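Shown next as structure tokens: one chain only, the form deposited in one PDB entry.
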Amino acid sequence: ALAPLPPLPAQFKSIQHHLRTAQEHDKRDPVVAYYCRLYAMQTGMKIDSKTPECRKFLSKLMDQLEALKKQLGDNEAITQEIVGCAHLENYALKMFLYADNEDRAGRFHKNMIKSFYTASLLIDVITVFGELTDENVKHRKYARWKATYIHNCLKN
């Protein structure tokens, strides 16, 4: 349904996991996959849209966006930005609640690490709609910190 997309330019390492989240949600919540890609698109454009490697990447990503937008032919979450935001925000926050409960229960595993990480990535995505709330900023900071710390405490 969607072309393989070129390799990721070194200039775009920051937007890598957001694209992996988009790929991971193509079958499950494709509204997530749309906005994840849209965020990566706008982010990458701000990083480098001059370099031929970057330029080519962004255009193929722009193609996937047009494709997905049509494939979700309105679709209140794509149609209305208030709905889309709410969908992606409730998703991220449900995920945060889950991973936080695991942490408080001392259950440390790959799934709770991914859930903390993915939730933080989803908060980044939500910026497409507007400024974040103080609560959103706090959650993203905590989620990314916890995921990192636990990942090391489980590897080392």
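Numbers for residues come from their place in the sequence shown, where the first is 1.
The next section is about a form of this same protein that is not shown, the form deposited with a partner chain bound.
The partner chain in the deposited complex comes within 4.5 Å of no heavy atom belonging to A105.
At the 4.5 Å threshold, heavy atoms of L65 reach the partner chain in the deposited complex. Not displayed here, the partner chain is kept clear of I123 by more than 4.5 Å at the level of heavy atoms in the deposited complex. Proximity of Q42 to the partner chain in the deposited complex falls within the 4.5 Å heavy atom cutoff.
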